[PDB]
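A.B. asks: Before I ask anything, here is the structure I am working with.
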Amino acid sequence: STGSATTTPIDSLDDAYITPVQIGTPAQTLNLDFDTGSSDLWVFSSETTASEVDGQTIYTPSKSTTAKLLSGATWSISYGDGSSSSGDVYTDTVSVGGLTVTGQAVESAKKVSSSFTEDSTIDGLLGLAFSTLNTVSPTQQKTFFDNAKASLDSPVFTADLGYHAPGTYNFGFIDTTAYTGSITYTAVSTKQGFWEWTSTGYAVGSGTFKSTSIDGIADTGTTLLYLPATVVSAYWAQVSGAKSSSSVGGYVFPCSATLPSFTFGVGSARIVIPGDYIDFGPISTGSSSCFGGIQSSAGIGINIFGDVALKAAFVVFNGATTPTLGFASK
């Protein structure tokens with residue numbers, strides 16, 4: 001089997017992407033944030049504290065003839081951005097782009113943090129990291145991909161995120177029309193439960209490539225590119241007037257600037273992030289200070305190849321017995 005679904009930016013900045021997901025019988029379609037940096041499929045629901053729901057579409061398990069309470073199971077998650085959610089668990093039928101999993105753990109939120117409430121466009125998350133990170137207790141549950149894997153034509157999914165435009169998540173096949181040149185594959189460590197890999201270096205604009213190992217994670221659920229302070233400083237030094245602002249929470253730059261591109265290495269190959277992808281717009285409405293899309297990972301504890309990086313590529317998440325990651329230009 002295979003599946004193919006369009007993923008759409010939630011706003012004009014590509015702050016996140018939503019993908020429609022069918023849950024239950026009859027189908028209830030929710031727009032979920034596919035997150036290769038976590039491993040829980042959780043949804044706003046009829047059980048979510050009413051004051052914490054503001055415009056989201058909810059899953060109502062009592063209206064699904066295939067929903068079953070997973071007795072005794074609870075979940076609770078905290079994300080790198082400080083947001084969180086928790087609740088109980090059902091199993092139900094879940095379909096993405098024509099690919100169906102029966103008995104998928106659907107984690108129903110009883111509580112969500114303010115950042116989730118305030119984002120009316122995201123109805124929940126669909127985790128695509130390794131199932132070892134799943135938070136369901138006392139019986140850990142498998143991701144949608146892990147459940148689908150054996151049935152897929154090939155044990156892979158691909159992320160093809162758009163810049164200010166829709167893109168595609170495919171399951172079970174590689175669309176050879178969706179990228180240019182060849183896909184370069186690179187090793188993955190699953191030791192921390194992430195799609196963790198080592199970039200071979202970087203360049204700023206038309207500058208020379210610096211060969212240096214950068215360990216990080218391919219994370220569709222993180223907006224920006226978080227890299228070591230040395231790398232980030234080298235980038236922003238090429239933008240007149242750019243500076244790190246403790247009050248704002250990262251590098252800012254004059255909105256009048258033209259940003260240089262940023263290249264990262266994948267083996268001997270190179271992915272070029274155009275300068276415009278690095279612009280996240282005014283820090284507040286009407287400001288002439290703009291927020292940068294490349295930020296320091298210092299104090300995150302891990303480098304994160306988030307959407308800013310991934311949307312410059314066609315990315316293969318290869319879930320073979322020994323997982324690997326593939327990147328192509330597009």
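Chain identifiers are assigned as A, B, and so on, following the order in which chains appear in the structure tokens; residues are numbered from 1 within each chain, and ligands are numbered from 1 in order of appearance.
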Write out, as CSV, each residue of region 104-142 of chain A that has an atom at most 10 Å from region 63-83 of chain A, together with the closest pair of atoms and their distance in Å to one decimal, counting only C-alpha atoms, rows going by chain and rising number.
C.D. replies:
```
residue,atom,partner,partner_atom,distance
A:104,CA,A:67,CA,9.7
A:105,CA,A:70,CA,8.1
A:106,CA,A:67,CA,9.1
A:107,CA,A:75,CA,7.2
A:108,CA,A:75,CA,8.8
A:109,CA,A:75,CA,8.7
A:110,CA,A:75,CA,9.9
A:111,CA,A:76,CA,9.2
A:112,CA,A:83,CA,8.1
A:113,CA,A:83,CA,5.7
A:114,CA,A:83,CA,7.6
A:115,CA,A:83,CA,6.4
A:116,CA,A:83,CA,7.4
A:133,CA,A:77,CA,9.9
A:134,CA,A:75,CA,8.6
A:135,CA,A:75,CA,5.4
A:136,CA,A:75,CA,4.5
A:137,CA,A:74,CA,5.5
A:138,CA,A:73,CA,6.2
A:139,CA,A:73,CA,7.0
A:140,CA,A:73,CA,8.9
A:141,CA,A:73,CA,9.8
```
A.B. asks: Using DSSP assignments from the backbone, pull out every residue in region 111-174 of chain A that falls under strand (DSSP E) and give it to me as a VMD selection string.
C.D. replies: chain A and resid 111 to 112 124 to 127 156 to 160 167 to 171
A.B. asks: Store the residues picked out above in a file with N, CA, C and O atoms, as a JSON list (two decimals), in the first residue's frame.
C.D. replies:
```
[["chain", "number", "residue", "atom", "x", "y", "z"],
["A", 111, "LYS", "N", -6.20, 17.97, 28.41],
["A", 111, "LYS", "CA", -5.58, 19.26, 28.71],
["A", 111, "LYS", "C", -4.58, 19.57, 27.61],
["A", 111, "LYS", "O", -3.88, 18.69, 27.12],
["A", 112, "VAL", "N", -4.54, 20.84, 27.21],
["A", 112, "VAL", "CA", -3.50, 21.34, 26.31],
["A", 112, "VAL", "C", -2.99, 22.68, 26.84],
["A", 112, "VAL", "O", -3.73, 23.41, 27.50],
["A", 124, "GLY", "N", -4.13, 18.87, 16.32],
["A", 124, "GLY", "CA", -3.34, 17.87, 17.00],
["A", 124, "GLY", "C", -2.05, 17.59, 16.26],
["A", 124, "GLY", "O", -1.73, 18.28, 15.28],
["A", 125, "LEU", "N", -1.31, 16.60, 16.74],
["A", 125, "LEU", "CA", -0.02, 16.21, 16.17],
["A", 125, "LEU", "C", -0.06, 14.75, 15.74],
["A", 125, "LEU", "O", -0.75, 13.94, 16.35],
["A", 126, "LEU", "N", 0.70, 14.44, 14.71],
["A", 126, "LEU", "CA", 0.91, 13.06, 14.30],
["A", 126, "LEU", "C", 2.41, 12.82, 14.29],
["A", 126, "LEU", "O", 3.14, 13.32, 13.43],
["A", 127, "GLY", "N", 2.89, 12.10, 15.30],
["A", 127, "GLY", "CA", 4.31, 11.89, 15.48],
["A", 127, "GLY", "C", 4.87, 10.86, 14.54],
["A", 127, "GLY", "O", 4.25, 9.82, 14.29],
["A", 156, "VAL", "N", 9.09, 3.43, 3.94],
["A", 156, "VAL", "CA", 9.58, 4.79, 3.89],
["A", 156, "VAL", "C", 8.43, 5.77, 3.93],
["A", 156, "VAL", "O", 7.29, 5.44, 3.59],
["A", 157, "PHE", "N", 8.72, 7.00, 4.35],
["A", 157, "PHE", "CA", 7.85, 8.11, 4.05],
["A", 157, "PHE", "C", 8.73, 9.27, 3.62],
["A", 157, "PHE", "O", 9.94, 9.29, 3.89],
["A", 158, "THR", "N", 8.14, 10.22, 2.90],
["A", 158, "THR", "CA", 8.89, 11.37, 2.42],
["A", 158, "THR", "C", 8.19, 12.66, 2.78],
["A", 158, "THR", "O", 6.95, 12.73, 2.84],
["A", 159, "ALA", "N", 9.00, 13.68, 3.06],
["A", 159, "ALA", "CA", 8.52, 15.02, 3.35],
["A", 159, "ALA", "C", 8.99, 15.94, 2.25],
["A", 159, "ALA", "O", 10.19, 16.06, 2.00],
["A", 160, "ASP", "N", 8.03, 16.62, 1.64],
["A", 160, "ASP", "CA", 8.30, 17.58, 0.57],
["A", 160, "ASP", "C", 7.55, 18.86, 0.92],
["A", 160, "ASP", "O", 6.46, 19.12, 0.42],
["A", 167, "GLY", "N", 2.76, 21.35, 0.04],
["A", 167, "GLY", "CA", 3.69, 20.30, -0.29],
["A", 167, "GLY", "C", 3.03, 18.96, -0.05],
["A", 167, "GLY", "O", 1.81, 18.87, 0.00],
["A", 168, "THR", "N", 3.84, 17.93, 0.15],
["A", 168, "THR", "CA", 3.34, 16.57, 0.16],
["A", 168, "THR", "C", 4.08, 15.68, 1.17],
["A", 168, "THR", "O", 5.30, 15.74, 1.28],
["A", 169, "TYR", "N", 3.30, 14.86, 1.89],
["A", 169, "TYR", "CA", 3.82, 13.70, 2.61],
["A", 169, "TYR", "C", 3.36, 12.45, 1.89],
["A", 169, "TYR", "O", 2.16, 12.23, 1.72],
["A", 170, "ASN", "N", 4.32, 11.62, 1.48],
["A", 170, "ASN", "CA", 4.03, 10.32, 0.87],
["A", 170, "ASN", "C", 4.48, 9.20, 1.78],
["A", 170, "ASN", "O", 5.50, 9.31, 2.47],
["A", 171, "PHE", "N", 3.72, 8.12, 1.76],
["A", 171, "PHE", "CA", 4.02, 6.92, 2.53],
["A", 171, "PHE", "C", 4.14, 5.74, 1.60],
["A", 171, "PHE", "O", 3.23, 5.46, 0.81]]
```
A.B. asks: Mind checking which residues fall within 10 Å of residue 243 (chain A), counting only C-alpha atoms, ignoring those fewer than 6 positions away in the same chain, and posting them as a PyMOL selection string?
C.D. replies: chain A and resi 233+236-237+250-254+292
A.B. asks: Find, counting only C-alpha atoms, the residue in A:95, A:154, A:295, A:176 that gets nearest to residue 235 (chain A).
C.D. replies: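 Of the candidates, the smallest distance to residue 235 (chain A) is held by A:295.
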A.B. asks: Set out as JSON lines a contact list for region 113-136 of chain A and region 192-197 of chain A with a cut-off of 7 Å, giving each residue of region 113-136 of chain A that qualifies its closest atom pair and distance in Å to one decimal, counting only C-alpha atoms, ordered by chain and rising residue number.
C.D. replies:
```
{"residue": "A:129", "atom": "CA", "partner": "A:194", "partner_atom": "CA", "distance": 5.4}
{"residue": "A:130", "atom": "CA", "partner": "A:193", "partner_atom": "CA", "distance": 5.1}
{"residue": "A:132", "atom": "CA", "partner": "A:193", "partner_atom": "CA", "distance": 5.9}
{"residue": "A:133", "atom": "CA", "partner": "A:193", "partner_atom": "CA", "distance": 5.7}
```
A.B. asks: Can you spit out the residues from that selection as a PDB file, in the first residue's frame, using C-alpha atoms?
C.D. replies:
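In the end it all went to out-v1.pdb:
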```pdb
ATOM      1  CA  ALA A 129       9.857   9.846  15.166  1.00  0.00           C
ATOM      2  CA  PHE A 130      10.665   6.397  16.584  1.00  0.00           C
ATOM      3  CA  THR A 132      10.499   4.456  21.656  1.00  0.00           C
ATOM      4  CA  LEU A 133       9.589   8.119  22.346  1.00  0.00           C
TER       5      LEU A 133
END
```
